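Encoded as structure tokens, the structure appears first; notes follow it.
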Amino acid sequence: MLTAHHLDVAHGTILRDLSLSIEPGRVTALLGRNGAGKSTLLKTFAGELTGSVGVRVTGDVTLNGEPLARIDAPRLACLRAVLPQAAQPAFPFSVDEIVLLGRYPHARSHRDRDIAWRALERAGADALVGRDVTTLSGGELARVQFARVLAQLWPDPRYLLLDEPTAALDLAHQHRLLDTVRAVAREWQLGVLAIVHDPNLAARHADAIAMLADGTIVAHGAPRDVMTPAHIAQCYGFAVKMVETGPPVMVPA
Amino acid sequence: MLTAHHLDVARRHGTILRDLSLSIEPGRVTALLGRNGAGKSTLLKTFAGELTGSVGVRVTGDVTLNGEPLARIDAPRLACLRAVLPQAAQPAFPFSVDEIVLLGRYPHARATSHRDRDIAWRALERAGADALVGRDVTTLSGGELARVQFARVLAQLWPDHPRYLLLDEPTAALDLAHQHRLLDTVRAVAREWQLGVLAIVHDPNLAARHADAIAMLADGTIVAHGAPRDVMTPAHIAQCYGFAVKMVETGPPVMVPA
Amino acid sequence: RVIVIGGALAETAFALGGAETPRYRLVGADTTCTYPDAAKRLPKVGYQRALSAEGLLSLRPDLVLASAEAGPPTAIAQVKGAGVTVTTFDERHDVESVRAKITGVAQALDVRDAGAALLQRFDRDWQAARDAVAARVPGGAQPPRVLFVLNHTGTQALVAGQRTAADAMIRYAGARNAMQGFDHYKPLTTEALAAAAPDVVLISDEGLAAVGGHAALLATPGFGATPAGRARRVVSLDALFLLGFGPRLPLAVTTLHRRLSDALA
Amino acid sequence: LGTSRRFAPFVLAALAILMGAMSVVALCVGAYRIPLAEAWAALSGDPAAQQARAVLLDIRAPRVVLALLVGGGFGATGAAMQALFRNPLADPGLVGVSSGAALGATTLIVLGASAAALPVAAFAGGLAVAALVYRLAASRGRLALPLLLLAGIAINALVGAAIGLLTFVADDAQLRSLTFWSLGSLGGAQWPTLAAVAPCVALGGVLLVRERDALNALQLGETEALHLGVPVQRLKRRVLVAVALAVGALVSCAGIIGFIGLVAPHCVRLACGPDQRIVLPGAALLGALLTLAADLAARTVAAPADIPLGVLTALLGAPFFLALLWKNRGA
Amino acid sequence: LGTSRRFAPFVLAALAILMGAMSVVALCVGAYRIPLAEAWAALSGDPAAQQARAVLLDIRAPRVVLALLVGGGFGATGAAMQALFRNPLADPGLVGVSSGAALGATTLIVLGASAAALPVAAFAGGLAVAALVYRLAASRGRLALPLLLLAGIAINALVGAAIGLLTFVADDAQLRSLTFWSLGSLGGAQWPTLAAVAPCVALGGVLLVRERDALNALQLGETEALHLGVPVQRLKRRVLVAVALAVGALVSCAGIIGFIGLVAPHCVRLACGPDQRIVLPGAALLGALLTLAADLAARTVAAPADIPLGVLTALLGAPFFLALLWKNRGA
């Protein structure tokens, strides 16, 4: 699995004695407040901090039986992909050029051709195949980068790391991106870890939840177990009450 | 009385805001809802008279604040009637927190201290950034920066001895606790000055929670308006957001999918 | 205390009667004054075309003899503004331009009689210089075509057209300037060179050293496939000696005519 | 309550002190045989030192004051430009006024000429190209920040080629004159010149210092500046004119001088703040102090040679750009 | 599945055509209007005794192939440089390689000289400053984009002061012969110099053409390119070396040539796409085309003198800068 054990990083130490593991088929949501390590946790699982960064990491994070540190940048790209929160092209690539870059780490070609287009449909961007990226709404752009990251993990157990992916998307697409991702996670034996801004969205869509308070993981388990007023008050510094439906939803008391 | 009446706006090729009419009362808080780029950023841009104030875009209908059209109001004087919070960027220079907030007193001038300097200090405190007065803004987090910019706009409308506050998605990138504290202030600022708020917001739940008035903007026109209880229905949300929604009750109501 | 700007003027001043007479003492010059040895000893205040007045005044002049090239105007004005008399001379590339420097410097230094001696020697040797060249055109044919190279820009030569010192010196030696159709200095094209089809390449000692010697000059692009290049016909001379247009004009012209004639034996 | 706009008078006062102190040392050096006793005797005494009475009033005095005006002007225009583009890199030469001055000046070295009609060629040549750059970039009427650099360096090509033509066809005296005159030098400073220059830069200053509170509300954003009712487009005009007038006046007789526009306002932007009320004074003082220091190091480091001071103010930003990097490396 | 830019080979073949075409027309001119009958006994065998060998094979043909090599060099280096900085303005002279060559070349010309040592003064100069700019900006091992430009321009100031100092002490043969080389010229083209260069550039293009797909992954973000497993630091290094070589080789004998690295790769990008698989070939074809097209007016527009082609490729850029101005100014 993708597993960090007693993961320490640091200029203070931002993220200390963290132990957590993501396994294929399961969607973990990372809850917590800004600048408390969530972004750094994802950067550690990505390997951005362990091949050749000046920051020191201790303990180890193991990607399916082998430490990160001992995995090339290319080899990784075939085992793991990341969706950084957002980014704009900076050159007028078309959508098929950008999506096609998802197959970059697979290199010796119409199958890479094929996988591109099917991932744009799945992410609901097929109607955009010919368009220029510098002419896209923040939502069309996001659906394209989702197609590109999806095109990278296929193969015919991989790890999808989501850094606040739904942000700035209209409401219908937030849920339909998270629905897609769980379908993707279930159908492939693919592992999701996703940072999310709204706890209610993490309750709605994550099969596992990790709450990051202090610099350390303070709660872990299914939504029903972790989404409690006590856990949220300590992790978020904020008075939360709990209400049921025909899953739970949180409202400030 | 900020009132748009039969407001129509277009940038080629084709309209974006069509045949709108909204009015914003002093003391009440209107939350703008609706899909992204259905025109709310552009609605707000008209209410400030951005697309009117230039001494290439087509606007018709009339927008009037407190009895006079937005066209005929000199911009520096409109800066004394209306302030805008656009979710900012980090500045380009290391202004301290005080310098930035102080720029909120710019439309009130003839140097300009100290009464304008005293006001700035209370805005930070009211906006919860007091312990930051000396810091360099570029060293700040997105949340500390946001509260400094909320101090700077407040420090611009401070009466002391009816004004219009226009918030472009003011809580985005704040923590839960910080979102709600900002909207609670905003409602208190709106009540104790006879001040009028227009706020875009991305959580329809925050709009039922903190807006005394709601305008739902789908298609480019306003398709629902009024109190949260009247507006937050599955029917309105389904057409405005293209999304299945069901209402839930509490000891205000919230919105849940499926 | 007199300061002189311009190598030929320094030659003229010394040619009237040495470093110091009862009437004057030369106290400074620019770097281009390399002949004779009395000029070279003089303290220098920079190249003739770029000057600092406080440094010029540091040589404590009562008078400055300045060539037409002396500058910049800002520097000269600062010196004039300091109360030093500054007399500027003209350059016309011909006997008349030279005679005015001889007689004019003698007037400025108040040594009229010495000037009359220098002018008479110069002009008599000058008439002989016209006569020695007229005795035989170099090459025994019509006036030959000569390219004068001032310098090189990498592999590209800078050549003298008309309104140059070289144009006048080439004509005085009984030859004809290979470059026609433009004035002053300009980079040489292989096209210019081939059309000019020079029979002899004339160059300064400094230019010959700067390009790397005789063979380096002839391997320059386009030089090999010309009458001068096929014959490897090069003449070098001291730049100040060849181009200065001073009291050594009859000897400079006579020497150039000789070296052209030897090259075309 | 609050706060830190103090410390600045201490750095502005000490700047005013160090500016004058340096002026005296600049007064008190020439070609090396001259002591203060006979210098005081010249300026305030009998006609025995009267030859030194010429220099200290006709040669040195205009050279020093030119260095305080070129220095104060380039620093102060730099502060304004960089407040305008919200970018601490913009030099006052983005209008194309440095290029057009270089051209106007070099288009007269091959014309007809002389004499005092040259700093009018460079001043009119510099002004023309700046009104050109504006007229392309301006929309009649809005303007836009990157379109001005687009049109500014579009013409920078044009000019620089008209130069490259001129320096090709130009004979030796003309080619020498150019190269050094583009490196810049105050070895031409005399009283009547800078009596003509000064009322421009001092005028360009006073239009600026009056805009200073509007430039503060620009640094936090062109759209919010618009919301505070600063007429962004008019101010842009007025900065551009006043800096085209000052910088045009100043390059016309000092040549192209750089790195004072980049170093001066940014060493006082680190010392205190970016607050335009405090940066524009402080930048003209440090700008002056520095160039005077830089010049006197060209008067005297190789006397009697007069180094172009473009050689030296370049030797001044090189350590103090590499400093800048030393402290910004990550990331 | 379609759909794509299908135009792309058509704009590469038609560009391949025109570069050949223009090259022939470049053999068919100019001054010393010339008849080729002898050339066939001169190349190999024909009735007429050696005559046009002299020019056509030794003079003309080296300059055309030099113009092709320089134009494909600055076009192709321009493509990979701007793909690197994600910025369409990155000219390949940000390594300090144009500065470094300029100093190398002017340090030889002023500090005795000979011939064929000047290229290697420029070449060794061009490489040494590139490594200096790198050794400052990098931090063993990752380097950072804005730093390289900072260390780049600090040393640019250093090397440029050393030049303004060198021109000042340099006599008149130095000065005119200086400026002309810093404007750039192929007037001194010769066979075993483009046999000396071509193994450098043609080596440089091939280190570049091989990293073309890693360069495509950059243009969506230096971090997501990292998650695609491109080794960004190595990539930067390989690119930055290859261009410092090809540009260091090409400036050595051509001088300072401008606006090809900006114009050539950008006119192919509005034509087709930013796809580096097709921007590298085309930017070479177009860049070569344009320089050979502007040199053939350096020789010929004013005869018999070579305008430095710098004056001409500057004449190219100004309208195509003034062009994309007009393509950008809506709202």
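Letters A, B, ... mark the chains of the structure tokens in the order given; residue numbers begin at 1 per chain; ligand numbers begin at 1, in order shown.
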For the reference chain D, what are the coordinates of chain E after least-squares fitting (all Cα, in-order pairing), as a CSV table (one decimal) with C-alpha atoms, in the first residue's frame?
chain,number,residue,atom,x,y,z
E,1,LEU,CA,-2.1,53.2,18.3
E,2,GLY,CA,1.3,52.6,16.7
E,3,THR,CA,3.0,50.7,15.2
E,4,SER,CA,5.0,51.6,12.1
E,5,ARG,CA,8.3,52.1,10.6
E,6,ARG,CA,9.8,54.6,12.9
E,7,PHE,CA,13.2,54.1,11.2
E,8,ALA,CA,12.1,56.2,8.3
E,9,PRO,CA,13.4,59.8,9.1
E,10,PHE,CA,16.5,58.2,10.6
E,11,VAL,CA,17.3,56.6,7.2
E,12,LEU,CA,16.3,59.9,5.5
E,13,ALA,CA,18.4,62.2,7.7
E,14,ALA,CA,21.3,59.9,7.8
E,15,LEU,CA,21.0,59.8,4.0
E,16,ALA,CA,20.7,63.5,3.9
E,17,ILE,CA,23.9,63.8,5.9
E,18,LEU,CA,25.9,61.4,3.8
E,19,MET,CA,24.9,63.1,0.6
E,20,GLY,CA,26.1,66.5,1.9
E,21,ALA,CA,29.2,64.8,3.4
E,22,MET,CA,30.1,62.9,0.2
E,23,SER,CA,29.6,66.1,-1.7
E,24,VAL,CA,32.1,68.0,0.3
E,25,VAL,CA,34.6,65.2,0.0
E,26,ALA,CA,33.7,65.5,-3.7
E,27,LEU,CA,35.0,69.1,-3.7
E,28,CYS,CA,38.1,67.9,-1.8
E,29,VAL,CA,39.4,65.8,-4.7
E,30,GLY,CA,41.1,65.0,-7.0
E,31,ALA,CA,43.5,65.1,-9.9
E,32,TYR,CA,45.4,68.3,-10.2
E,33,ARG,CA,45.8,68.2,-6.4
E,34,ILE,CA,44.8,71.7,-5.6
E,35,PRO,CA,45.0,74.4,-2.9
E,36,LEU,CA,42.0,76.7,-2.2
E,37,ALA,CA,43.7,79.8,-0.8
E,38,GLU,CA,42.8,81.9,-3.8
E,39,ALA,CA,39.2,80.6,-4.0
E,40,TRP,CA,38.0,83.2,-1.5
E,41,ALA,CA,39.0,86.2,-3.7
E,42,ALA,CA,37.6,84.2,-6.6
E,43,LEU,CA,34.2,83.4,-5.1
E,44,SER,CA,34.3,86.9,-3.5
E,45,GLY,CA,37.2,88.4,-1.6
E,46,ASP,CA,40.6,87.3,-0.3
E,47,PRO,CA,44.3,88.3,-0.4
E,48,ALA,CA,45.3,86.1,-3.3
E,49,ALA,CA,44.7,86.9,-7.0
E,50,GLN,CA,42.2,84.8,-9.0
E,51,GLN,CA,43.5,81.2,-9.3
E,52,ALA,CA,41.3,78.4,-7.9
E,53,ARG,CA,38.1,80.0,-9.2
E,54,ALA,CA,39.3,78.6,-12.5
E,55,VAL,CA,38.7,75.0,-11.4
E,56,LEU,CA,36.7,74.8,-8.2
E,57,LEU,CA,33.8,77.0,-9.2
E,58,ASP,CA,33.7,76.4,-13.0
E,59,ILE,CA,34.9,72.8,-13.3
E,60,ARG,CA,34.4,70.8,-10.1
E,61,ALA,CA,31.2,72.3,-8.5
E,62,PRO,CA,29.1,72.0,-11.7
E,63,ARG,CA,29.9,68.2,-11.9
E,64,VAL,CA,29.1,67.5,-8.3
E,65,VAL,CA,25.8,69.3,-8.5
E,66,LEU,CA,25.3,67.6,-11.9
E,67,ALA,CA,26.0,64.2,-10.2
E,68,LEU,CA,23.5,65.1,-7.4
E,69,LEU,CA,20.8,66.2,-10.0
E,70,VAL,CA,21.3,63.1,-12.1
E,71,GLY,CA,21.3,60.7,-9.2
E,72,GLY,CA,18.3,62.2,-7.5
E,73,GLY,CA,16.6,62.2,-10.9
E,74,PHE,CA,17.1,58.6,-11.9
E,75,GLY,CA,16.4,57.5,-8.3
E,76,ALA,CA,13.2,59.5,-8.1
E,77,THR,CA,11.9,58.7,-11.5
E,78,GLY,CA,12.8,55.1,-10.8
E,79,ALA,CA,10.6,55.3,-7.7
E,80,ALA,CA,7.4,56.6,-9.4
E,81,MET,CA,7.9,54.4,-12.5
E,82,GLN,CA,8.0,51.2,-10.5
E,83,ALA,CA,5.2,52.3,-8.3
E,84,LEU,CA,3.3,52.7,-11.6
E,85,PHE,CA,4.0,49.3,-13.1
E,86,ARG,CA,3.7,47.6,-9.7
E,87,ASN,CA,7.0,46.0,-10.7
E,88,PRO,CA,10.3,46.7,-8.9
E,89,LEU,CA,12.3,46.3,-12.2
E,90,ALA,CA,10.7,49.2,-14.2
E,91,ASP,CA,13.6,51.4,-15.0
E,92,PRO,CA,12.6,54.9,-16.1
E,93,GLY,CA,13.8,54.2,-19.6
E,94,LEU,CA,10.6,52.3,-20.6
E,95,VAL,CA,9.1,55.4,-22.1
E,96,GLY,CA,11.6,55.2,-24.9
E,97,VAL,CA,13.3,58.3,-23.5
E,98,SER,CA,16.8,56.8,-23.2
E,99,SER,CA,16.5,55.4,-26.7
E,100,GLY,CA,15.0,58.7,-28.0
E,101,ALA,CA,17.8,60.8,-26.6
E,102,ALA,CA,20.4,58.4,-27.9
E,103,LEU,CA,19.1,58.8,-31.5
E,104,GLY,CA,18.5,62.5,-31.1
E,105,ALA,CA,22.1,62.9,-30.0
E,106,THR,CA,23.6,60.6,-32.6
E,107,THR,CA,21.5,62.1,-35.4
E,108,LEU,CA,23.1,65.5,-34.6
E,109,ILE,CA,26.7,64.1,-34.4
E,110,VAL,CA,26.4,62.4,-37.8
E,111,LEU,CA,24.3,65.0,-39.7
E,112,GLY,CA,25.8,68.5,-39.7
E,113,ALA,CA,26.6,70.3,-35.5
E,114,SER,CA,27.9,73.1,-33.1
E,115,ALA,CA,27.6,72.9,-29.3
E,116,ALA,CA,24.6,73.4,-27.0
E,117,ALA,CA,22.5,72.0,-29.9
E,118,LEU,CA,23.5,68.4,-28.9
E,119,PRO,CA,21.7,68.5,-25.5
E,120,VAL,CA,18.6,69.7,-27.4
E,121,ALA,CA,19.0,67.1,-30.1
E,122,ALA,CA,19.1,64.5,-27.2
E,123,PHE,CA,16.3,66.3,-25.3
E,124,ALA,CA,13.9,66.9,-28.2
E,125,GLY,CA,14.8,63.3,-29.2
E,126,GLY,CA,14.0,62.0,-25.8
E,127,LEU,CA,10.6,63.6,-25.6
E,128,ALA,CA,9.6,62.9,-29.2
E,129,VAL,CA,10.1,59.1,-28.8
E,130,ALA,CA,8.3,59.0,-25.5
E,131,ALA,CA,5.2,60.6,-27.1
E,132,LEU,CA,5.6,58.2,-30.0
E,133,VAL,CA,5.6,55.2,-27.6
E,134,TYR,CA,2.6,56.7,-25.9
E,135,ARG,CA,0.7,57.5,-29.1
E,136,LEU,CA,1.0,53.8,-30.0
E,137,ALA,CA,0.2,52.2,-26.7
E,138,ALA,CA,-2.8,54.4,-25.8
E,139,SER,CA,-6.2,54.1,-27.3
E,140,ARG,CA,-7.8,57.4,-26.4
E,141,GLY,CA,-7.9,57.4,-23.6
E,142,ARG,CA,-7.0,54.5,-21.3
E,143,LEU,CA,-3.7,52.9,-22.3
E,144,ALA,CA,-2.9,49.5,-20.6
E,145,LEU,CA,0.3,48.2,-18.8
E,146,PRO,CA,1.6,45.5,-21.1
E,147,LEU,CA,0.9,47.5,-24.2
E,148,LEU,CA,3.1,50.4,-23.2
E,149,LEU,CA,6.0,47.9,-22.8
E,150,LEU,CA,5.1,46.4,-26.2
E,151,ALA,CA,5.0,49.6,-28.2
E,152,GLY,CA,8.0,50.6,-26.1
E,153,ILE,CA,10.2,47.8,-27.3
E,154,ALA,CA,8.9,47.8,-30.9
E,155,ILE,CA,10.0,51.4,-31.3
E,156,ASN,CA,13.2,50.6,-29.2
E,157,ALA,CA,14.0,48.2,-32.2
E,158,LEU,CA,13.2,51.0,-34.7
E,159,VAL,CA,15.3,53.7,-33.0
E,160,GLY,CA,18.1,51.1,-32.4
E,161,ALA,CA,18.3,50.2,-36.1
E,162,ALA,CA,18.5,53.9,-37.0
E,163,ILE,CA,21.5,53.9,-34.6
E,164,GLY,CA,23.3,50.8,-35.9
E,165,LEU,CA,22.8,52.3,-39.4
E,166,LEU,CA,24.2,55.7,-38.2
E,167,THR,CA,27.3,54.2,-36.6
E,168,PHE,CA,28.0,52.3,-39.8
E,169,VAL,CA,28.1,55.3,-42.1
E,170,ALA,CA,29.8,57.4,-39.3
E,171,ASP,CA,33.5,58.1,-39.6
E,172,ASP,CA,36.0,57.5,-36.9
E,173,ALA,CA,35.6,60.8,-35.0
E,174,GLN,CA,32.0,59.8,-35.0
E,175,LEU,CA,32.4,56.3,-33.6
E,176,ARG,CA,34.6,56.6,-30.5
E,177,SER,CA,32.9,59.9,-29.6
E,178,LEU,CA,29.6,58.0,-30.0
E,179,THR,CA,30.1,55.0,-27.7
E,180,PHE,CA,31.5,57.1,-24.9
E,181,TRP,CA,28.3,59.3,-24.8
E,182,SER,CA,26.2,56.1,-24.9
E,183,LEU,CA,28.2,55.0,-21.8
E,184,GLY,CA,27.4,58.3,-20.1
E,185,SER,CA,29.7,61.0,-18.7
E,186,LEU,CA,29.7,64.1,-16.5
E,187,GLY,CA,33.1,65.1,-17.8
E,188,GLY,CA,31.5,68.0,-19.6
E,189,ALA,CA,29.7,69.6,-16.7
E,190,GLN,CA,29.2,73.4,-16.8
E,191,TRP,CA,27.1,75.9,-15.0
E,192,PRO,CA,24.5,77.1,-17.5
E,193,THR,CA,23.7,73.5,-18.5
E,194,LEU,CA,22.6,72.5,-15.0
E,195,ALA,CA,20.9,75.9,-15.1
E,196,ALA,CA,19.4,74.6,-18.3
E,197,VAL,CA,18.5,71.2,-16.9
E,198,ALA,CA,17.6,72.0,-13.3
E,199,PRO,CA,14.3,73.8,-14.1
E,200,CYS,CA,13.3,70.6,-15.9
E,201,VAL,CA,14.2,68.0,-13.3
E,202,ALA,CA,13.2,70.1,-10.3
E,203,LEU,CA,10.0,70.7,-12.1
E,204,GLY,CA,9.7,67.0,-12.8
E,205,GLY,CA,10.2,66.0,-9.2
E,206,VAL,CA,7.4,68.3,-8.1
E,207,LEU,CA,4.8,67.0,-10.5
E,208,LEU,CA,5.9,63.6,-9.1
E,209,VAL,CA,5.9,64.4,-5.4
E,210,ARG,CA,2.4,65.7,-5.7
E,211,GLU,CA,0.9,62.5,-7.0
E,212,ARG,CA,2.5,60.4,-4.3
E,213,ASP,CA,-0.6,59.3,-2.5
E,214,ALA,CA,-2.5,58.3,-5.6
E,215,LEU,CA,0.6,56.3,-6.3
E,216,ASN,CA,0.3,54.6,-3.0
E,217,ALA,CA,-3.3,53.5,-3.8
E,218,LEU,CA,-2.2,51.9,-7.0
E,219,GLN,CA,0.1,49.3,-5.3
E,220,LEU,CA,-2.8,47.4,-4.0
E,221,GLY,CA,-4.5,47.1,-7.4
E,222,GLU,CA,-5.3,49.2,-10.4
E,223,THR,CA,-9.0,48.4,-10.0
E,224,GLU,CA,-9.4,48.9,-6.2
E,225,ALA,CA,-7.4,52.1,-6.8
E,226,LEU,CA,-10.2,53.0,-9.2
E,227,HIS,CA,-12.8,52.4,-6.5
E,228,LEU,CA,-10.8,54.7,-4.3
E,229,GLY,CA,-11.5,57.3,-6.9
E,230,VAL,CA,-7.9,57.8,-8.1
E,231,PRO,CA,-8.1,58.7,-11.8
E,232,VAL,CA,-5.7,56.1,-12.9
E,233,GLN,CA,-5.4,57.2,-16.6
E,234,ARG,CA,-4.6,60.8,-15.7
E,235,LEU,CA,-2.2,59.5,-13.0
E,236,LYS,CA,-0.3,57.3,-15.5
E,237,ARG,CA,-0.2,60.3,-17.8
E,238,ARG,CA,1.1,62.8,-15.2
E,239,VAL,CA,3.7,60.3,-14.0
E,240,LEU,CA,4.8,59.3,-17.6
E,241,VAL,CA,5.2,62.9,-18.6
E,242,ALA,CA,7.1,64.0,-15.5
E,243,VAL,CA,9.6,61.1,-15.9
E,244,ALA,CA,10.0,61.6,-19.6
E,245,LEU,CA,10.8,65.2,-18.8
E,246,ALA,CA,13.2,64.7,-15.9
E,247,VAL,CA,14.8,61.7,-17.5
E,248,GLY,CA,14.8,63.4,-20.9
E,249,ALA,CA,16.5,66.4,-19.4
E,250,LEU,CA,19.1,64.4,-17.4
E,251,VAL,CA,20.1,62.0,-20.2
E,252,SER,CA,20.6,65.0,-22.6
E,253,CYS,CA,23.8,66.1,-20.8
E,254,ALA,CA,24.7,62.9,-18.8
E,255,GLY,CA,24.3,60.3,-21.5
E,256,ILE,CA,23.2,56.7,-20.8
E,257,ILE,CA,23.4,56.1,-17.1
E,258,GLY,CA,22.1,52.8,-15.7
E,259,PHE,CA,21.4,50.9,-12.6
E,260,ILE,CA,20.5,53.9,-10.5
E,261,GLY,CA,16.8,53.6,-11.2
E,262,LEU,CA,16.9,50.0,-10.2
E,263,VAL,CA,19.3,50.1,-7.2
E,264,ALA,CA,18.5,53.4,-5.5
E,265,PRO,CA,14.7,53.0,-4.9
E,266,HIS,CA,15.1,49.3,-4.0
E,267,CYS,CA,17.8,49.7,-1.3
E,268,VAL,CA,15.5,52.2,0.4
E,269,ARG,CA,12.6,49.7,0.2
E,270,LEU,CA,14.2,46.8,2.1
E,271,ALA,CA,15.4,49.5,4.5
E,272,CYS,CA,12.0,50.9,5.4
E,273,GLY,CA,8.9,50.4,3.3
E,274,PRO,CA,7.3,50.8,-0.1
E,275,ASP,CA,5.4,53.9,1.3
E,276,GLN,CA,5.7,56.3,-1.6
E,277,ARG,CA,5.6,59.3,0.8
E,278,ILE,CA,9.1,58.2,2.0
E,279,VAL,CA,10.5,56.3,-1.0
E,280,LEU,CA,10.6,59.3,-3.3
E,281,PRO,CA,12.7,61.5,-1.0
E,282,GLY,CA,15.0,58.7,0.0
E,283,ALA,CA,15.5,57.3,-3.5
E,284,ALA,CA,16.7,60.7,-4.5
E,285,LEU,CA,19.0,61.1,-1.5
E,286,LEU,CA,20.5,57.6,-2.0
E,287,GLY,CA,20.5,57.8,-5.8
E,288,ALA,CA,22.3,61.2,-5.7
E,289,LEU,CA,24.8,59.8,-3.1
E,290,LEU,CA,25.7,56.8,-5.2
E,291,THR,CA,26.2,58.6,-8.5
E,292,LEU,CA,28.3,61.3,-6.9
E,293,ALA,CA,30.1,58.4,-5.2
E,294,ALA,CA,30.8,56.6,-8.4
E,295,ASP,CA,31.6,59.6,-10.4
E,296,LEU,CA,34.3,60.5,-7.8
E,297,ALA,CA,35.8,57.2,-9.0
E,298,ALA,CA,35.2,57.9,-12.7
E,299,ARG,CA,37.5,60.9,-12.4
E,300,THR,CA,40.0,59.4,-10.0
E,301,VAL,CA,40.5,55.7,-10.2
E,302,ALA,CA,42.6,55.9,-13.4
E,303,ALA,CA,44.2,59.3,-14.0
E,304,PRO,CA,44.2,61.3,-16.0
E,305,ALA,CA,41.3,59.7,-17.9
E,306,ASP,CA,37.6,59.6,-17.2
E,307,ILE,CA,36.3,56.2,-17.1
E,308,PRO,CA,32.7,56.8,-18.2
E,309,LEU,CA,30.7,56.5,-15.0
E,310,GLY,CA,28.5,54.0,-16.9
E,311,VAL,CA,31.3,51.5,-16.4
E,312,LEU,CA,31.1,52.4,-12.7
E,313,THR,CA,27.4,52.4,-12.0
E,314,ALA,CA,27.4,49.1,-13.8
E,315,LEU,CA,30.0,48.0,-11.3
E,316,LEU,CA,27.6,49.0,-8.6
E,317,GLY,CA,24.6,47.1,-9.9
E,318,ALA,CA,26.2,43.7,-10.4
E,319,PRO,CA,26.9,43.0,-6.7
E,320,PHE,CA,23.6,44.4,-5.6
E,321,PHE,CA,22.0,42.2,-8.2
E,322,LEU,CA,24.2,39.4,-7.0
E,323,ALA,CA,23.1,40.4,-3.5
E,324,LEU,CA,19.4,40.1,-3.7
E,325,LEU,CA,20.0,36.7,-5.5
E,326,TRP,CA,21.5,35.4,-2.2
E,327,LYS,CA,18.5,36.9,-0.3
E,328,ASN,CA,16.1,34.9,-2.4
E,329,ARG,CA,16.5,31.1,-2.8
E,330,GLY,CA,14.8,29.3,0.0
E,331,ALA,CA,13.1,26.0,-0.9
Pick out the residues sitting within 12 Å of region 231-246 of chain A, and hand them over as a VMD selection string; count only C-alpha atoms, and ignore anything fewer than 5 positions along from it in its own chain.
-> (chain A and resid 30 to 34 36 197 to 200 203 to 204 209 to 221 223 to 226 251 to 253) or (chain B and resid 174 to 181 246 to 251 253 to 258)
Which parts of region 10-240 of chain A does DSSP call helix (DSSP H, G or I) when run on the backbone here, written out as a ChimeraX atom specification?
-> /A:38-46,68-70,73-79,95-103,110-122,126-128,133-135,138-152,171-187,199-205,223-226,229-236
Quick one: residues within 12 Å of residue 43 (chain B), only C-alpha atoms counted, chain neighbours fewer than 4 positions away excluded, as an NGL selection string?
-> :B and (3-4 or 7-10 or 16-23 or 32-34 or 37-39 or 47-51 or 59 or 63 or 166-168 or 198-200 or 215-217 or 220-222)
Atom pair CA of residue 187 (chain B) + CA of residue 99 (chain B), distance 26.1 Å
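Of note, CA of residue 161 (chain A) and CA of residue 193 (chain A) are spaced 5.1 Å apart.
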